[PDB]
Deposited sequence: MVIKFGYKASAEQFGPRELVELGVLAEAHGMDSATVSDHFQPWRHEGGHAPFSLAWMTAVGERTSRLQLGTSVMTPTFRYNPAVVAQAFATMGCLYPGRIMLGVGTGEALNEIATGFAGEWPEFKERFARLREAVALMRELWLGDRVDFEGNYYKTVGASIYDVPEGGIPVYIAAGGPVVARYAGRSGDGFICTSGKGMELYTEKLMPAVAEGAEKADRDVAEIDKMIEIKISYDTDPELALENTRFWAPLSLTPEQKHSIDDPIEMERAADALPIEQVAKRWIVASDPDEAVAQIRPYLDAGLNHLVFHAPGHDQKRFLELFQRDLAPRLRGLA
């Protein structure tokens, strides 16, 4: 897939209007994508906010014309009905053709417990199985009609979605290990991972797992968009570059005031075959980040 640079909006750090305006500024400053995590719980310590992700996506969508928008990620398996998730994303894709994706993961307990999940949090195998089932259900609604989906967890009866782009909505699967990454290679339209683990995670585990799955499924691996969230504090002021990380309380972060050093720290992800770099910055001044990214980092990255 082609090289793309995007922006991760931090839902824990900003209220709804500011978050939306940052997504719009992301397009203004040349980003190819903007994504948001689907949190419910606002954590006082992570900044005290949690704007609803689908409202953010839609508001930014209606204000923009090029930018790809999605979740990174949302858990479609516990506090949501997967059928309704499919409806929401199908509608958004109609509203913003060719610019919507659905990024999904296997789930975090604390948000689900907060919203009323009953009993013991399922183990990884059940969480993963639920995710594959929900993905299939949603795609069946997108592609078919009068769907009677009867899974081990989820169900529909005569369900239809007419208001959907042809072929449905790209689904991006997040993975932090090879088991789910192989699933991404078999079944995802995209793959999402996070930076700042040793580089061997990407080059020995996750990218080979995606390629394996794509082989097993008889697909061309190049058609899978390979997204990485890169945590980066960049500022030309050396003190502000460092001080911006104090909101976030191998190295997990790139912390840099020199744009060539920053680019050097990003390059290894591109060399590992991640093509869709999504930048997540800690400072309160996100407008400055977007301006500095466009001015200093993007031209150097395209120059590689």
Any chance you could give me the deposited-sequence numbering of all the stretches lacking C-alphas? 250-279, 335
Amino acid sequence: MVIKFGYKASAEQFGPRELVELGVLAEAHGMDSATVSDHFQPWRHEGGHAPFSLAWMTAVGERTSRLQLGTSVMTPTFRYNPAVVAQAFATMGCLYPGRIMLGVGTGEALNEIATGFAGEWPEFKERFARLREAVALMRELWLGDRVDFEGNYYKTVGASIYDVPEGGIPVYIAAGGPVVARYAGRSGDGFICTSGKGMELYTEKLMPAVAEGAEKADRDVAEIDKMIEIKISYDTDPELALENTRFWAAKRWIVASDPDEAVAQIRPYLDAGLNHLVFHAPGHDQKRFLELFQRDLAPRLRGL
From here on, numbers count along this sequence of modelled residues.
Would you determine, from the values in the PDB entry, which of 72-80 and 197-205 has the greater average C-alpha temperature factor? 197-205
Averaging only over Cα atoms, indicate whether 82-90 or 124-132 has the higher B-factor in the PDB entry. 124-132
Among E112, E215, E229, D163, where is the Cα temperature factor highest, going by the PDB entry? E215
Determine which member of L143, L137, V179, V171 has the highest CA B-factor, using the values in the deposited entry. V179
Where does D32 sit by CA temperature factor within its chain: lowest, middle or highest third? middle
CA B-factor ranking of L297, expressed as a third of its chain: lowest
Which third of the chain does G167 land in by C-alpha B-factor: lowest, middle or highest? highest
Temperature factor at the Cα of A26, chain-ranked in thirds, falls in the lowest
CA B-factor ranking of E12, expressed as a third of its chain: highest
